[PDB]
Amino acid sequence: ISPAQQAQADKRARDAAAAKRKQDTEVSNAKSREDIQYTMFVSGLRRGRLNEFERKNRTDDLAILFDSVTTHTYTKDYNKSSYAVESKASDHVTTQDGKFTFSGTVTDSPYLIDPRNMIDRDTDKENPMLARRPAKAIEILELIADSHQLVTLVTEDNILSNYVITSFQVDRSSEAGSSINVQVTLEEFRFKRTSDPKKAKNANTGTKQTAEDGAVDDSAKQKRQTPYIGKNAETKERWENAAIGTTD
Amino acid sequence: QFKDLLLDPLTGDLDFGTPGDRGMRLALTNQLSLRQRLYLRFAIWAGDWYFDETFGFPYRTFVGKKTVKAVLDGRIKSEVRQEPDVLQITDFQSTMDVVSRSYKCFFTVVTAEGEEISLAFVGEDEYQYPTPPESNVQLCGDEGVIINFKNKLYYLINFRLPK
Amino acid sequence: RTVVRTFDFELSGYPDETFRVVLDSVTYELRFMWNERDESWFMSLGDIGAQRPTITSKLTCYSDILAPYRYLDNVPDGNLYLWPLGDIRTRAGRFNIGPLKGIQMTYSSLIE
Amino acid sequence: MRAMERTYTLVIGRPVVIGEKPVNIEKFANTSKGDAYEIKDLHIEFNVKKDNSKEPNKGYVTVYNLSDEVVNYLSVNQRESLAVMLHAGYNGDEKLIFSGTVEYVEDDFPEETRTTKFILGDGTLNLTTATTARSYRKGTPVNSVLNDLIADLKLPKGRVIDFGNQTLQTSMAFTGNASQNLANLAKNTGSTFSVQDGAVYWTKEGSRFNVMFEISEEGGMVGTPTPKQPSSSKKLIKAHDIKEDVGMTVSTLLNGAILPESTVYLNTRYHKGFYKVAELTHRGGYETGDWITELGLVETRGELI
Amino acid sequence: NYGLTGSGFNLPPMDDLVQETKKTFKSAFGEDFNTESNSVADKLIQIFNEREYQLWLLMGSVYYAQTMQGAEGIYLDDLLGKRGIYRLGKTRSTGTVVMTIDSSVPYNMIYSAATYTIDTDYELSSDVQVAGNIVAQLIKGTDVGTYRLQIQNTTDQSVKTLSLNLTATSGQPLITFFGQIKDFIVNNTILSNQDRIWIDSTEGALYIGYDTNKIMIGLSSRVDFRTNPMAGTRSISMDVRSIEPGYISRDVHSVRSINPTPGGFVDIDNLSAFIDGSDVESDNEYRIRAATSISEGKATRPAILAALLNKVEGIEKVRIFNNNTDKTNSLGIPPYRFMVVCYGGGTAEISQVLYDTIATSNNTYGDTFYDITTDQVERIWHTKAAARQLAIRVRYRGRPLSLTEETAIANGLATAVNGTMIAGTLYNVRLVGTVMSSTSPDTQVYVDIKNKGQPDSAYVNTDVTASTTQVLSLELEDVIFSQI
Amino acid sequence: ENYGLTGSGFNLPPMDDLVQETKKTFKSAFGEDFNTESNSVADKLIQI
Amino acid sequence: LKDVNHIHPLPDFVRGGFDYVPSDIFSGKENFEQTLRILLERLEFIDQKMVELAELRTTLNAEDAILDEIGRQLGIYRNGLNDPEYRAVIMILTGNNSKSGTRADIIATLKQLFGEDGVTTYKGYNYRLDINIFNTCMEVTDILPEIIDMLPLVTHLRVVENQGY
């Protein structure tokens with residue numbers, strides 16, 4: 001070995017570590033703000049669903065439209081006891097979470113570039129292929145799934161809410177070049193501070209200990225006491241030490 | 001609302017202020033704070049600041065190499081959204097000149113403004129504690145009760161007579 | 001009456017917080033209620049699982065809360081005070097209570 | 001918009017040393033370096049049972065793929081009792097769920113994944129080594145004997161119900177472990193003694209303490225309550241009458257702000273009323289598994305102490 | 001449950017009241033009555049209910065208004081009014097400033113109080129005269145001729161004069177002239193002053209009221225001093241107050257300007273932090289002041305003794321005497337008047353401190369007086385002890401002491417300057433102990449003491465006692481040693 | 001120069017003085033018209 | 001910018017609550033409004049009296065019927081005093097507990113009873129002190145006993161009262 005390599009291993013570690021700080025940071029802030037609401041438009045649009053598509057702005061109610069959706073399926077499940085009941089005892093049944101899946105595609109040669117779509121936030125009007133639209137979609141897709149957003153689906157018949165993404169697939173086969181096939185799967189979510197005191201309810205926090213690195217917690221960790229900034233050291237000083245004392 | 005030392009947008013040094021009120025200032029408005037937070041984030045080349053190897057922008061990847069305009073714009077537009085208080089990016093005019101080999105982009109960012117939560121650490125107080133009375137006014141009354149009554153009587157005498 | 005600082009408190013601002021704390025090796029349960037018109041915190045103190053709180057009082061800065069109540073077997077004998085870290089004129093608020101929020105609610109115990 | 005995701009924290013501190021004053025596991029959290037070894041984002045499986053009896057409450061924990069430094073710190077101190085605290089909740093707060101000493105620790109690292117194991121005891125060291133030697137004569141007030149023995153045990157007094165003007169009928173002598181002697185006084189006076197999360201609780205059987213907790217579909221209940229006998233055997237009866245003998249069972253999402261000696265109100269569509277608590281079991285699988293708590297309730301027939 | 005209980009006053013939430021009143025309505029019209037969402041009765045009852053929440057909150061606020069905690073605003077005054085403490089109103093900042101003046105400004109010129117402003121918010125406290133307020137002086141270089149020197153004695157009131165000739169403008173003659181001036185000044189005022197005046201022979205300049213680093217620190221007190229040829233640059237001390245009451249603060253070296261510049265002005269600066277003004281008193285500091293009132297003692301002999309020692313830029317020693325029986329007593333004192341003796345406390349500044357005296361206690365005896373405005377104006381009296389210097393000779397048997405080794409012994413006898421007025425007894429045994437202490441261990445030692453100027457026959461060993469108004473003193477140069 | 005070991009002994013500067021010349025030299029680089037009074041942002045930084 | 005004392009009548013109490021009518025469904029029907037107004041306006045009276053129950057109990061404004069209760073707690077009985085001066089004695093005695101009888105101090109206490117220029121004090125060599133009154137607003141003989149109490153143990157006092165200079 002030689003120092004020339006030590007100046008090279010550091011580069012290998014530094015650049016690789018920088019990748020997490022980018023990806024890992026973005027998800028953190030994406031979860032630190034609940035105002036944004038994502039929505040997806042699978043079919044539906046031209047049969048009067050435009051009434052609510054126009055409601056979507058470019059800052060809070062982001063909308064996603066795929067260049068084409070081939071199929072989408074919706075299904076629910078139930079189960080019942082397999083043993084004869086004692087007799088009416090109609091409570092021997094349970095409801096499972098409904099599933100939703102669909103297949104789509106994103107192409108380098110779009111036919112409709114409506115700017116309201118969040119995929120086309122800043123896409124060039126005259127050169128769609130240099131905008132690299134398929135890469136734009138994937139970057140959006142991972143962030144939504146990673147942050148665990150409660151997505152809302154607008155479909156042909158009904159509207160579904162509180163659906164989370166559990167898996168998706170992307171591939172670029174030899175056929176259909178210059179495009180990507182996308183599959184998604186979603187399931188229901190049976191979800192159940194600054195608040196109005198009139199809405200407040202008695203809460204609990206269990207047993208609690210010394211809170212945060214304070215003037216007393218510092219002593220426990222052997223940290224040196226934080227010096228006091230001398231904005232005023234004439235009034236409190238005579239009283240602070242006499243009445244509150246010092247950690248010792 | 002992130003507080004920090006104010007940086008002069010015109011020179012880059014600390015904003016000590018005008019010659020009439022020279023001193024030191026803190027960045028209070030969210031606009032000013034975000035401006036310098038983006039400025040420092042873009043001005044520091046990646047890896048060049050000790051104590052943090054992951055901070056900065058990797059200019060060395062693009063400068064001096066044959067690069068595609070579209071790839072650069074993505075990275076430029078991505079670093080901006082690392083701040084948690086950025087609402088959106090409005091427009092982006094990326095242009096490249098092949099003769100001079102220069103690249104120059106334009107864009108703007110929109111950010112809201114928040115509240116101050118607490119004024120305890122900044123300057124003033126919002127309360128209006130009362131003022132002690134003066135002299136024997138408390139135990140014997142006040143003359144203003146006479147002055148106000150006299151003024152009311154005078155103004156009422158003024159009102160009735162047409163003018 | 002020598003006394004030593006031995007505990008500090010923090011409040012999340014929720015108007016009906018309730019939690020259990022241990023002081024002087026004894027355990028107590030505390031309730032904090034926020035008053036809108038009077039913009040002040042109301043503190044109730046009592047034993048664990050007690051039917052009713054033993055003490056109820058209004059929190060204020062530089063006032064000895066427990067002063068008139070050191071004659072009961074279930075009340076701490078220490079000192080409970082609220083004093084500010086910033087400008088001395090700041091009064092207790094909703095979100096400004098904590099080790100670094102502006103107001104330092106603290107408990108100190110006599111040396112025995 | 002977010003989801004409702006689990007969170008937890010695990011802390012390891014200095015060795016616990018018993019002295020001449022009540023032991024508080026809180027003050028041992030800080031290590032010689034200051035801040036303690038905190039473990040947050042690693043798949044963890046734990047099981048913590050609690051009860052109101054002589055035996056301490058014990059909880060089990062498992063952690064996968066720990067860093068070598070942390071394991072090294074536990075290879076040392078294998079002769080000593082490290083203090084440990086556990087927290088759990090939902091993405092906005094974490095309630096204390098267990099605190100004690102590391103009774104056991106072992107590591108197995110077959111090929112792909114290491115798996116650390118723990119066994120924790122709630123005050124095991126004090127309850128099993130606190131010796132006593134006391135005596136009293138005829139006429140001594142029983143209320144004095146109780147306080148004398150508890151101070152020997154060297155633990156904070158969570159809650160006690162004094163006997164009043166009761167007096168000993170015969171001379172008494174006590175030796176051996178203090179906990180054992182106190183547990184014997186329980187039988188002959190209808191009182192329940194049990195240490196929990198460092199707190200000593202002395203109450204009276206049959207009676208109960210307000211609605212400190214309410215269970216309903218809004219309160220994250222899981223399934224309907226079902227009646228389950230509170231003991232695995234039946235006693236002969238004259239058919240003290242005040243004693244227990246009945247109970248029920250309920251399950252709920254994890255909530256560490258509950259203790260065996262507390263009182264709960266059951267607001268369901270079939271069952272309604274007040275019950276005591278008798279047993280707790282906390283389970284948890286961070287990446288995969290349940291995040292719930294199970295309560296064993298017992299009916300009460302005494303006065304409202 | 002939520003009203004008045006055995007442990008104070010509680011607060012009910014909204015939902016409990018809503019449920020209670022809905023239960024009442026249910027009972028009114030049976031279990032079938034609807035009370036949720038769509039009922040007109042629901043819209044009336046819920047709207048009605050929220051108002052009594054305000055009433056309950058206000059009632060709860062009222063109850064604590066009469067308790068040690070919870071009182072606020074006007075109600076707070078009544079609680080602490082029972083203990084005779086009242087809030088402080090608007091206050092005006094107070095402080096003192098100094099300025100250097102050109103050599104040419106005449107002594108008798110008097111600054112008009114109402115024609116100057118220090119800065120945007122400061123003005124002269126009162127009329128100021130240049131004479132009698134000199135605090136520091138600097139003389140350097142350019143000054144042959146005959147010079148007159150004047151000084152008012154700080155103990156007596158007799159003006160003293162000195163005559164000298166500056167035959168040379170540099171060199172040893174100039175050094176000797178400066179030394180003569182130093183000896184002239186030190187013989188009056190206080191010995192502490194000599195520590196703050198010296199000569200920089202390398203530059204041939206004289207510094208008055210400075211430190212070794214050439215920083216004007218001022219003399220021990222304001223004085224009067226003049227030279228017929230007005231040489232060097234003079235400095236004076238002024239008293240300053242703010243224009244309007246309020247909050248304002250200034251640091252130790254903040255003041256830097258005067259708007260109307262007077263002729264001959266040189267510079268201006270601070271010496272110590274001002275007593276900052278304050279706005280209307282707030283509740284927190286009101287409680288703090290109420291808490292710390294224990295130490296507030298006044299109008300008692302221990303209280304007056306303590307106050308003087310902590311309120312004067314000096315006052316090294318103080319003692320009091322009493323005569324209250326129908327007669328003047330041995331010590332010359334009127335029948336019912338106190339006696340206060342001080343050292344190095346000035347006249348005006350100390351006089352103001354004496355307003356802690358018990359009302360109707362005449363006091364007011366001494367050799368010096370001053371008048372203070374209350375309104376009515378009253379005069380107070382006191383005296384300053386007359387220092388008496390001693391001459392000390394040391395004889396011993398042992399190895400000869402080397403030069404610069406006697407410094408420890410000489411400074412060791414500084415304890416001789418710690419004697420108290422009247423009740424000052426040397427206890428030569430104490431001196432023997434001290435001289436044998438401020439040195440390396442190790443045969444014979446003796447101490448002889450006599451008043452300055454007396455012949456060598458006056459040396460004795462018996463202890464000396466201070467007079468009624470005299471206090472012991474000693475100079476480093478007045479120590480001698482002899483080997484035996 | 002009057003700080004540290006000096007042969008006659010050891011001299012320690014108090015808290016207050018160190019601020020005084022730090023502000024003085026700091027003021028020298030920007031002139032008198034430079035706020036450094038109590039609670040000012042610049043003063044707060046100097047104290048730390 | 002804001003008063004610290006939050007105990008005040010709620011501003012515009014009546015129009016509040018009416019603001020909670022959902023979507024003007026009932027507004028302009030003149031049958032539901034009167035029923036609601038009649039009930040709410042009752043709380044107005046109670047809300048108003050909540051203040052006087054606290055305001056009037058302060059010693060500054062307390063009427064004689066209850067001022068006696070305040071004095072009783074402090075041991076200052078009415079005796080033959082009347083309301084206007086009974087208030088004064090209560091203040092004087094209470095204020096005495098933090099006093100030292102200095103010349104500056106004595107002027108301060110007399111300041112609250114005779115305005116700014118209504119009092120002056122001469123001093124004498126042998127414990128003599130004099131009090132002058134110019135603008136008395138109450139009869140002084142009944143107040144006199146207290147005026148002695150806040151003076152040193154050995155004071156020699158004269159009292160002279162007149163109107164004007």
# chains A, B, ... in the order shown; residues from 1 in each chain; ligands from 1

$ interface_residues --of "chain C" --to "chain E" --cutoff "12 Å" --atoms "only C-alpha atoms" --output "JSON, numbers by chain"
{"C": [15, 16, 31, 32, 33, 34, 35, 36, 37, 38, 39, 40, 41, 42, 43, 44, 45, 46, 51, 52, 53, 54, 55, 56, 57, 58, 59, 60, 61, 62, 63, 64, 65, 66, 67, 68, 69, 81, 82, 83, 84, 87, 88, 89, 90, 91, 92]}

$ closest_atom_pairs --of "chain E" --to "chain F" --cutoff "8 Å" --atoms "only C-alpha atoms" --output "Markdown table"
| residue | atom | partner | partner_atom | distance |
| --- | --- | --- | --- | --- |
| E:249 | CA | F:38 | CA | 7.6 |
| E:250 | CA | F:37 | CA | 6.8 |
| E:251 | CA | F:37 | CA | 6.6 |

$ write_last_selection --atoms "C-alpha atoms" --output "PDB file, in the first residue's frame"
ATOM      1  CA  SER E 249     -28.108  51.776  29.617  1.00  0.00           C
ATOM      2  CA  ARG E 250     -24.510  52.741  28.884  1.00  0.00           C
ATOM      3  CA  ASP E 251     -21.284  50.786  29.277  1.00  0.00           C
TER       4      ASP E 251
END

$ interface_residues --of "chain A" --to "chain F" --cutoff "12 Å" --atoms "only C-alpha atoms" --output "short mmCIF file (atom, residue, chain, number, x, y, z; two decimals) with N, CA, C and O atoms, in the first residue's frame"
data_model
loop_
_atom_site.label_atom_id
_atom_site.label_comp_id
_atom_site.auth_asym_id
_atom_site.auth_seq_id
_atom_site.Cartn_x
_atom_site.Cartn_y
_atom_site.Cartn_z
N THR A 226 -23.49 24.82 31.49
CA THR A 226 -23.50 25.86 30.47
C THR A 226 -23.34 27.23 31.12
O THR A 226 -24.14 27.58 32.00
N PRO A 227 -22.34 28.03 30.74
CA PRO A 227 -22.21 29.36 31.33
C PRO A 227 -23.43 30.22 31.03
O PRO A 227 -24.04 30.12 29.97
N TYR A 228 -23.79 31.07 32.00
CA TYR A 228 -24.93 31.96 31.83
C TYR A 228 -24.50 33.23 31.10
O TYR A 228 -23.48 33.84 31.44
N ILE A 229 -25.28 33.63 30.11
CA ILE A 229 -25.00 34.85 29.36
C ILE A 229 -25.39 36.04 30.24
O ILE A 229 -26.52 36.10 30.74
N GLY A 230 -24.47 36.98 30.41
CA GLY A 230 -24.67 38.05 31.37
C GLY A 230 -25.55 39.19 30.89
O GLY A 230 -25.14 40.35 30.92
N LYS A 231 -26.77 38.87 30.44
CA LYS A 231 -27.73 39.93 30.17
C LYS A 231 -28.10 40.67 31.45
O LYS A 231 -28.27 41.89 31.44
N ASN A 232 -28.21 39.94 32.56
CA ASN A 232 -28.41 40.54 33.88
C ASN A 232 -27.93 39.55 34.93
O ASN A 232 -28.31 38.38 34.93
N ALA A 233 -27.07 40.04 35.82
CA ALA A 233 -26.44 39.21 36.84
C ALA A 233 -26.46 39.92 38.19
O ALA A 233 -25.55 39.76 39.01
#

$ select_by_dssp --residues "stretch 384-462 of chain E" --states "strand (DSSP E or B)" --output "number ranges by chain"
E: 384, 386-397, 425, 444-451, 460

$ interface_residues --of "chain G" --to "chain C" --cutoff "9 Å" --atoms "only C-alpha atoms" --output "PyMOL selection string"
chain G and resi 5-7

$ residues_around --residues "residue C:29" --least-positions-apart "2" --cutoff "10 Å" --atoms "only C-alpha atoms" --output "list in words"
residues 206 and 207 of chain A; 18, 19, 20, 21, 22, 27, 31, 44, 45, 46, 47, 48, 49, 50 and 53 of chain C

$ atom_distance --atom1 "atom CA of residue G:91" --atom2 "atom CA of residue E:84"
8.4 Å

$ interface_residues --of "chain D" --to "chain A" --cutoff "8 Å" --atoms "only C-alpha atoms" --output "list in words"
residues 1, 2, 3, 4, 26, 27, 30, 31, 32, 33, 34, 35, 93, 94, 95, 96, 218, 220, 256, 257 and 258 of chain D

$ interface_residues --of "chain F" --to "chain B" --cutoff "6 Å" --atoms "only C-alpha atoms" --output "list in words"
residues 34, 35, 41 and 42 of chain F

$ select_by_dssp --residues "chain B" --states "helix (DSSP H, G or I)" --output "PyMOL selection string"
chain B and resi 30-43+59-61+69-80+137-140+144-160

$ interface_residues --of "chain G" --to "chain B" --cutoff "7 Å" --atoms "only C-alpha atoms" --output "list in words"
residues 1, 2, 3, 4, 88, 111, 112, 113, 114, 115 and 116 of chain G

$ residues_around --residues "residue G:42" --least-positions-apart "3" --cutoff "12 Å" --atoms "only C-alpha atoms" --output "list in words"
residues 48, 51 and 52 of chain E; 13, 14, 35, 36, 37, 38, 39, 45, 46, 47, 48 and 49 of chain G

$ residues_around --residues "residue E:240" --least-positions-apart "2" --cutoff "10 Å" --atoms "only C-alpha atoms" --output "PyMOL selection string"
chain E and resi 93-97+117-118+122-126+237-238+242-243+274

$ write_last_selection --atoms "C-alpha atoms" --output "PDB file, in the first residue's frame"
ATOM      1  CA  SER E  93     -30.563  56.831  34.529  1.00  0.00           C
ATOM      2  CA  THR E  94     -27.791  58.413  36.593  1.00  0.00           C
ATOM      3  CA  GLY E  95     -24.031  58.458  36.177  1.00  0.00           C
ATOM      4  CA  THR E  96     -20.820  60.452  36.055  1.00  0.00           C
ATOM      5  CA  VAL E  97     -18.554  61.427  33.164  1.00  0.00           C
ATOM      6  CA  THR E 117     -26.561  67.631  26.009  1.00  0.00           C
ATOM      7  CA  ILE E 118     -24.029  64.829  26.350  1.00  0.00           C
ATOM      8  CA  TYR E 122     -28.258  62.814  28.370  1.00  0.00           C
ATOM      9  CA  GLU E 123     -27.800  66.259  29.932  1.00  0.00           C
ATOM     10  CA  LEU E 124     -25.870  67.839  32.790  1.00  0.00           C
ATOM     11  CA  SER E 125     -27.203  66.924  36.222  1.00  0.00           C
ATOM     12  CA  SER E 126     -26.599  70.462  37.519  1.00  0.00           C
ATOM     13  CA  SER E 237     -15.685  64.996  36.552  1.00  0.00           C
ATOM     14  CA  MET E 238     -19.316  65.808  35.750  1.00  0.00           C
ATOM     15  CA  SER E 242     -31.074  61.221  31.325  1.00  0.00           C
ATOM     16  CA  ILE E 243     -33.581  63.628  29.803  1.00  0.00           C
ATOM     17  CA  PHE E 274     -24.294  53.871  34.623  1.00  0.00           C
TER      18      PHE E 274
END

$ residues_around --residues "residue G:100" --least-positions-apart "4" --cutoff "10 Å" --atoms "only C-alpha atoms" --output "ChimeraX atom specification"
/E:296-300,356-359 /G:96,104-106,150-152

$ interface_residues --of "chain B" --to "chain A" --cutoff "12 Å" --atoms "only C-alpha atoms" --output "VMD selection string"
chain B and resid 46 to 48 50 52 to 58 61 68 to 75 77 to 94 107 110 to 112 117 121 123

$ atom_distance --atom1 "atom CA of residue E:449" --atom2 "atom CA of residue E:432"
12.2 Å

$ residues_around --residues "stretch 39-51 of chain A" --least-positions-apart "6" --cutoff "7 Å" --atoms "only C-alpha atoms" --output "list in words"
residues 62, 63, 64, 65, 69, 151, 152, 153, 154, 155 and 156 of chain A

$ write_last_selection --atoms "N, CA and C atoms" --output "compact mmCIF listing (two decimals), in the first residue's frame"
# COMPACT_ATOMS: atom_id res chain seq x y z
N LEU A 62 -51.00 17.48 -5.29
CA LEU A 62 -50.27 17.01 -6.46
C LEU A 62 -51.02 15.85 -7.11
N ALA A 63 -51.01 15.81 -8.44
CA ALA A 63 -51.69 14.78 -9.21
C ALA A 63 -50.70 14.09 -10.13
N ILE A 64 -50.93 12.80 -10.38
CA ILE A 64 -50.06 11.99 -11.23
C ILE A 64 -50.91 11.36 -12.32
N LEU A 65 -50.46 11.49 -13.57
CA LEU A 65 -51.11 10.88 -14.72
C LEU A 65 -50.08 10.09 -15.52
N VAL A 69 -52.62 3.49 -19.21
CA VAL A 69 -52.95 2.46 -18.24
C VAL A 69 -53.67 1.34 -18.97
N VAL A 151 -52.27 7.54 -0.24
CA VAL A 151 -52.63 7.99 -1.58
C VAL A 151 -54.13 7.84 -1.78
N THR A 152 -54.66 8.64 -2.70
CA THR A 152 -56.07 8.61 -3.08
C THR A 152 -56.16 8.25 -4.56
N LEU A 153 -56.99 7.26 -4.88
CA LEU A 153 -57.14 6.77 -6.24
C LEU A 153 -58.47 7.23 -6.81
N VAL A 154 -58.42 7.85 -7.99
CA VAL A 154 -59.61 8.23 -8.74
C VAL A 154 -59.73 7.27 -9.92
N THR A 155 -60.82 6.52 -9.96
CA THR A 155 -60.99 5.44 -10.91
C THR A 155 -62.24 5.67 -11.76
N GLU A 156 -62.46 4.74 -12.69
CA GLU A 156 -63.65 4.77 -13.53
C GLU A 156 -64.92 4.92 -12.69
